[PDB]
Amino acid sequence: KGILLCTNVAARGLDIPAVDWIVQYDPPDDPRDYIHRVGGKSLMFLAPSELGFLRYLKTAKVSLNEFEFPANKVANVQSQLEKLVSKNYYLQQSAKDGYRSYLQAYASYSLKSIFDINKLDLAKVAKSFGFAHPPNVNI
Amino acid sequence: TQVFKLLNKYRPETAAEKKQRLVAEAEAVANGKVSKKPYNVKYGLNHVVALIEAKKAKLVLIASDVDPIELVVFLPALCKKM
Amino acid sequence: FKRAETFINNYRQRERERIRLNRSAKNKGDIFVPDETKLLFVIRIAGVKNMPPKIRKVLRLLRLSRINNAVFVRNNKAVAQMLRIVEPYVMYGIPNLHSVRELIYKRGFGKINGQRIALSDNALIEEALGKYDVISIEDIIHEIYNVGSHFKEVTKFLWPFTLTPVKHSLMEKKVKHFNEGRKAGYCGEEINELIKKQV
Amino acid sequence: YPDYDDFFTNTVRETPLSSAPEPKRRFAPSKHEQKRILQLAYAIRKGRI
Amino acid sequence: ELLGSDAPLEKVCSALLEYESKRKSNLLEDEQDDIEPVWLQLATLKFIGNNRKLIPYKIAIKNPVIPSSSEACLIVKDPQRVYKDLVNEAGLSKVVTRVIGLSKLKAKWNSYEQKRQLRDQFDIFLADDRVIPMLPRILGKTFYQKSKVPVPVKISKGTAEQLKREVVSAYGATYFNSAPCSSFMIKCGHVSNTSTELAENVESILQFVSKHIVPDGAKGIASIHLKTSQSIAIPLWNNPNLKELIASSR
Amino acid sequence: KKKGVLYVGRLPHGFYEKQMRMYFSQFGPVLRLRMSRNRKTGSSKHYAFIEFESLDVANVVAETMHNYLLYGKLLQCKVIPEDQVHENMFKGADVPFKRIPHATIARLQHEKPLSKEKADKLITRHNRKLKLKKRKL
RNA sequence: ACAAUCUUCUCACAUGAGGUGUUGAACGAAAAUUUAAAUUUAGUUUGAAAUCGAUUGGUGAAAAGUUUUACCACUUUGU
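As structure tokens, then:
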């Protein structure tokens with residue numbers, strides 16, 4: 387039992403043990419690698444503006460089901476999360492660096508038509524990182 | 088009136104009250120020896140303008156009769172821009 | 051003119067009183083009834099617009115019909131429960147011999163034929179209270195401080211005192227809502243200081 | 199005397215103007231007060247204050 | 005036995021869980048082990064409460080109704096740093112999630128929106144006994160009407176052992192909020208509970224109800240039914256002398 | 102001439118029918134004032150209607166106390182035109198509300214002196230009350 | 001004067017009794033009950049949100065049968 391956070395590249399080249407859940411929190415930077423790398436449960440987070448990946452998986456002959464969640468049961472710790480980030484110096488610097496790196500990774504995705512940074516809403520992204528307003532990162 | 092009620096709960100501490108607090112902590116270390128971030132209202136033209144551009148200000152209150160009016164003439168626009 | 055906030059502020063105060071009166075009466079038919087004394091001094095410090103009628107009558111019974119009115123009361127169960135009902139409006143404590151003497155000697159007013167008359171001479175006291183063997187100011191003081199047989203008659207003869215707060219300092223004259231910081235409740239022996247600041 | 203033409207401020211800027219990172223001055227007890235506290239401490243033990 | 009010189013228990017409860025399992029009848044991602052709770056409906060010959068009493072009844076029972084993984088918020092008198100240290104010392108961090116001083120509860124949670132956010136954040140609100148009467152205010156219709164009533168947990172002396180004991184007793188016991196009503200509903204368990212466990216819960220709850228709720232005793236009980244959210248109020252036992260009992264009391 | 106009708110919303114707890122009457126009477130004479138209240142409890146619904154003797158005075162009040170920061174609540178005073186001002190929105194106006202204690206009157210009829218005949222009219226159909234449940238078994 | 005008294009624990013012998021205090025609107029299940037409307041009551045939504053929908057049993061306190069209470073509730077409106 388346990389939970390591990392790793393990048394796609396760090397996990398790439400490593401043997402995946404018997405894991406109950408595999409979660410794709412961020413889009414895969416190498417979808418051509420991911421389609422064959424997926425082969435207990437496989438779950439992937441996708442924004443409503445990146446539904447073109449659903450078409451790509453259908454064209455690539457990938458079976459899939461719909462996972463839905465009740466908005467009531469989602470933890471409303473957004474206020475507390477905002478409080479911690481702005482209060483801890485090291486948590487904030489980690490939060491800003493992660494936000495900058497996530498955006499720069501997003502701008503470099505191969506599937507420009509699917510994962511388009513222009514279609515991305517920066518105010519929403521910073522909210523997931525614990526920001527009232529998006530930090531000033533040059534792309 | 089309601090604005091200034093909230094503003095008067097965050098007045099910066101007086102020059103005497105600040106020295107009163109500092110000498111209180113000075114005595115403690117003089118004998119032998125951690126606090127919270129101070130909350131107050133932010134003032135000063137350059138400081139406030141820097142806060143607005145930083146998108147940190149929650150409520151800006153501009154005086155209506157600043158003598159050279161161009162000191163504050165851009166603030167309504169800058170406040171609306173940010 | 052009267053703004054909307056003052057009307058709501060009164061309603062919140064009235065609801066505050068109604069809850070207090072219910073809680074003091076319901077399930078709380080008790081009083082700590084201070085001991086080792088029989089004479090108490092009751093001063094009405096504060097008043098609220100549109101009092102509940104129960105509070106209005108109790109102040110009337112205790113002869114505190116106007117603010118800053120002060121009345122001697124015989125310390126017993128009956129006055130204690132009335133004082134508990136009107137607690138937020140009256141500040142009461144135990145007067146001493148010195149407080150009783152100067153209050154009568156400097157602010158004592160009698161009920162002569164139903165008008166407020168200063169007790170400048172003992173002839174009027176003898177005329178109006180000769181049947182109870184009361185002839186002098188000092189006799190009045192002894193009766194009040196000892197709560198004698200004619201204590202009720204003496205209190206009936208005496209007007210309530212008017213201990214309005216004194217504003218001598220320039221800071222006192224300028225600050226608003228100045229009432230000498232008159233707190234409510236049973237102040238014990240501190241009322242001697244409050245009288246001393248007055249008489 | 200044309201009306202006010204807000205060609206620039208009609209849209210809200212979503213990010214702070216500067217990109218410089220926060221210094222650690224703002225997350226730790228102040229050094230100016232600590233400097234003055236040490237100065238006042240010296241004054242107390244020398245009998246000046 | 006105390007009911008009417010007989011105990012028609014067990015068989016009824018063992019059956020109702022069986023009918024409950026008989027009426028079994041996207042994929043969802045947020046799951047839980049929540050099951051339909053078992054309700055016990057009790058009819059009396061008189062109104063139990065002279066007025067609504069906003070302090071729940073600590074009906075002690077060995078089969079918990081609150082799952083042991085339920086998050087807890089502890090509401091204590093000021094100061095709260097003392098009590099936060101005690102919770103960490105007693106090792107209740109995974110159980111007592113947060114400790115709130117009462118003044119910080121009165122100030123930092125003012126809006127009804129803030130009250131509803133705090134309500135959904137925790138599963139049970141343990142509150143110190145000496146600050147229970149204050150909680151009617153500070154927590155309005157958002158708590159005391161939406162099925163979130165603080166529990167009177169007594170930690171007066173402030174020690175780790177009594178924290179652990181009182182906390183353990185808290186989840187062990189079920190809770191009932193007495194109001195002026197001829198009939199009242201008490202939670203006994205869930206469908207996952209076994210027949211013997213639920214029967215033990217019912218008899219223990221009836222014992223406490225007869226002792227400390229119904230002043231005249233078991234004779235003041237009119238009828239007993241056990242039910243779930245959607246099932247029928249299956250009767251358990253009826254008063255065999257109710258004719259003369261009501262005649263004397265009327 | 103035309104009696105104006107004004108609607109006030111977001112009433113702070115305390116701005117009740119009395120307080121509004123001595124307040125709005127300063128603006129101008131009031132005719133029918135009614136705060137809508139709940140049936141079972143009688144507690145305020147936090148909105149009310151005022152009928153001024155004129156529609157001009159109602160316009161001034163609406164322009165005066167609309168978005169009034171009162172106890173943290175922005176007051177909502179909007180003038181209702183005559184055509185959707187309906188016939189009985191002032192039913193019970195200026196008449197104090199009755200806080201009927203349904204709980205206690207239920208207690209009194211639960212515990213009141215009563216005779217054998219009405220006791221028989223109580224005990225009644227006990228046996229078939231289980232039988233309707235028995236047929237569902 | 002947008003300020004005020006909603007209790008940071010009691011009493012009795014580790015034990016019992018007590019604490020009378022909750023915004024409104026909307027959705028909604030099926031139950032115990034009492035004398036068609038009334039009491040409890042699962043589970044949800046919400047900026048202290050609002051545009052007719054008021055129900056009407058009983059208790060008395062002051063002015064003069066009458067009008068005035070805007071939580072007068074059965075310990076029932078002024079010791």
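In order, the protein sequences belong to chains A, B, C, D, E and F.
When the letters of the first sequence are read in order and numbered with the UniProt record's numbering, they come out as residues 387 to 425, 435 to 534.
When the letters of the second sequence are read in order and numbered with the UniProt record's numbering, they come out as residues 88 to 120, 125 to 173.
Under the UniProt record's numbering, residue 249 is the last one in the third sequence; the count climbs by one each step, no gaps.
Under the UniProt record's numbering, residue 247 is the last one in the fourth sequence; the count climbs by one each step, no gaps.
When the letters of the fifth sequence are read in order and numbered with the UniProt record's numbering, they come out as residues 5 to 29, 41 to 265.
Under the UniProt record's numbering, residue 238 is the last one in the sixth sequence; the count climbs by one each step, no gaps.
For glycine and all other residues, C-beta sits at the position ideal for the given N, C-alpha and C.
**Q.** Below-8 Å beta-carbon distance, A103 (chain B) vs any chain D residue
**A.** no
Q. Taking Cβ positions, are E137 (chain C) and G235 (chain C) nearer each other than 8 Å?
A. Yes. Within cutoff.
Q: Find out if the Cβ-Cβ distance for the pair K68 (chain E), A188 (chain E) is shorter than 8 Å.
A: no
(Q) Taking 6 Å as the limit between beta carbons, can you name the residues of its chain near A490 (chain A), skipping five residues before and five after? (A) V480, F524 and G525
Q. Within 10 angstroms of its Cβ, does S238 (chain E) collect 16 or more other Cβ (buried), or is it exposed?
A. buried
Q.
When you compare the CB positions of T59 (chain E) and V166 (chain E), do they come within less than 8 Å of one another, or not?
A. no
Q.
Going by beta-carbon coordinates alone, are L114 (chain C) and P210 (chain C) separated by less than 8 Å?
A. yes
Q: Identify each residue in the region 444-468 of chain A for which the Cβ-Cβ distance to at least one residue of chain E is less than 9 Å, and report them in chain order.
A: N460, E461, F462, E463, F464, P465, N467 and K468
Q | chain E contact for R133 (chain F) (CB, 8 Å cutoff) | A | no
(Q) In the DSSP assignment, the beta strand (DSSP E) including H422 (chain A) goes from what residue to what residue? (A) First-last for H422 (chain A): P417 to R423, but that is the alpha helix (DSSP H), not the beta strand (DSSP E).
Q. Ordered along the chain, which non-local residues of its own chain (more than five positions away) have a Cβ less than 7 Å from that of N253 (chain E)?
A. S238
Q. Are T211 (chain E) and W54 (chain E) close, meaning C-beta to C-beta below 8 Å?
A. With contacts defined by Cβ atoms closer than 8 Å, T211 (chain E) and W54 (chain E) do not form a contacting pair.
Q | Whether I190 (chain C) touches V184 (chain C) by CB criterion (8 Å) | A | yes
Q: May I ask which residues mark the beginning and end of the beta strand (DSSP E) holding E152 (chain F)?
A: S145 to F153
**Q.** Segment contact, 8 Å Cβ cut-off, at least three pairs: the region 176-193 of chain E with the region 96-113 of chain E
**A.** Yes, the region 176-193 of chain E touches the region 96-113 of chain E.
Q: Could you give the DSSP three-state label for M136 (chain F): helix, strand or coil?
A: Looking at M136 (chain F) - three-state DSSP - the assignment turns out to be strand.
(Q) Just to confirm the assignment: which complete beta strand (DSSP E) runs, minimum length 3, are found wholly within the region 61-137 of chain E? (A) List check, beta strand (DSSP E) in window: 72-74, 87-91 and 111-116.
Q) What are the boundary residues of the alpha helix (DSSP H) that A214 (chain E) is part of? A) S210 to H227
Q) Going along chain E, which residues have a C-beta under 9 Å from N471 (chain A)? A) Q132, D135 and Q136
Q. Which bits of chain D does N531 (chain A) rub up against, with CB to CB less than 8 Å?
A. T213, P214, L215, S216 and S217
Q: Spell out whether any CB of chain D is found under 8 Å from the CB atom of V139 (chain B).
A: No, no contact with chain D.
Q: Just the C-alpha distance for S171 (chain E) and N103 (chain E), rounded to the nearest angstrom, thanks.
A: 17 Å
Q.
On a Cα-Cα basis, can you pick out the residue from F:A204, F:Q185 and F:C178 that is closest to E164 (chain F)?
A. Per the Cα distances, F:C178.
Q. What are the boundary residues of the beta strand (DSSP E) that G238 (chain C) is part of?
A. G235 to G238
Q) Who does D143 (chain E) pair with in a DSSP beta bridge? A) E:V168
Q.
So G115 (chain F) and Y61 (chain C) are supposed to be a Cβ contact under 8 Å. How far apart are they, rounded?
A. 4 Å
Q.
Check whether chain D comes within 8 Å of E114 (chain B), counting only Cβ atoms and requiring the distance to be less than that.
A. yes
Q. Which of helix, strand or coil does DSSP assign to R166 (chain C)?
A. strand
Q: Return the residues of the region 198-226 of chain F that lie within a Cβ-Cβ distance of less than 9 Å from chain E, sorted by chain order.
A: Residues passing the 9 Å Cβ filter: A204, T205, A207, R208, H211, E212, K213, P214, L215, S216, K217, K219, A220, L223 and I224.
Q) Hey, would you say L241 (chain E) sits closer than 8 Å to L251 (chain E), going by beta carbons? A) Yes, these two residues count as a Cβ contact at 8 Å.
Q: Using the DSSP secondary-structure output, state which residues sit across from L438 (chain A) in a beta bridge.
A: A:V409
(Q) I'd like to know whether the C-beta of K229 (chain D) is nearer than 8 Å to at least one C-beta of chain A. (A) no
Q) In terms of DSSP beta bridges, what is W252 (chain E) paired with? A) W252 (chain E) is bridged to E:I239.
Q | C-beta neighbour in chain D for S155 (chain B), strict 8 Å | A | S155 (chain B) does not count as touching chain D.
Q. Would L93 (chain B) count as contacting chain D if we go by Cβ distances under 8 Å?
A. no
(Q) Between the alpha carbons of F125 (chain F) and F165 (chain B), how many angstroms are there, rounded? (A) 41 Å
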